[PDB]
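In structure tokens, one chain follows: the form deposited in one PDB entry.
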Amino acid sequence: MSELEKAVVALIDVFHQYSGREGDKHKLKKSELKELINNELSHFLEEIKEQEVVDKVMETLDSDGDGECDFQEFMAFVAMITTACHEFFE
């Protein structure tokens, strides 16, 4: 695969990894969203060490309101990060 294709695959891969740990296997609960951020985005986002912060992060990302982050909400999260970085460099 091309670099863009591996990137597409990794996003699906990483979401699946964290979402399939607890509860709903197709969604990220707070604990799952926290660890994904802490382990996998450690160079982009400040490590989450407060319950208020993980609550705020989930409130921001959960557009439908079921208290978890589904794949579509996760892709919206990836879009903000990538777009912010792109706007910075270009």
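Residue numbers here begin at 1 and follow the sequence given. Residues that one form lacks are left out of the comparison. The term rigid core refers to the most C-alpha atoms you can superpose between the two forms while keeping them within 1.5 Å.
Another form exists, deposited with a partner chain bound; not displayed. Remarks below refer to it.
- Taking the partner from elsewhere, residue 31 is found to have every heavy atom lying beyond 4.5 Å of the partner chain in the deposited bound form.
- At the 4.5 Å threshold, heavy atoms of residue 46 reach the partner chain in the deposited bound form.
- In sequence order, there is only one run of at least 3 consecutive residues whose Cα atoms each shift by 2 Å or more between this form and the one not shown, relative to the superposed core, and it is 86 to 88.
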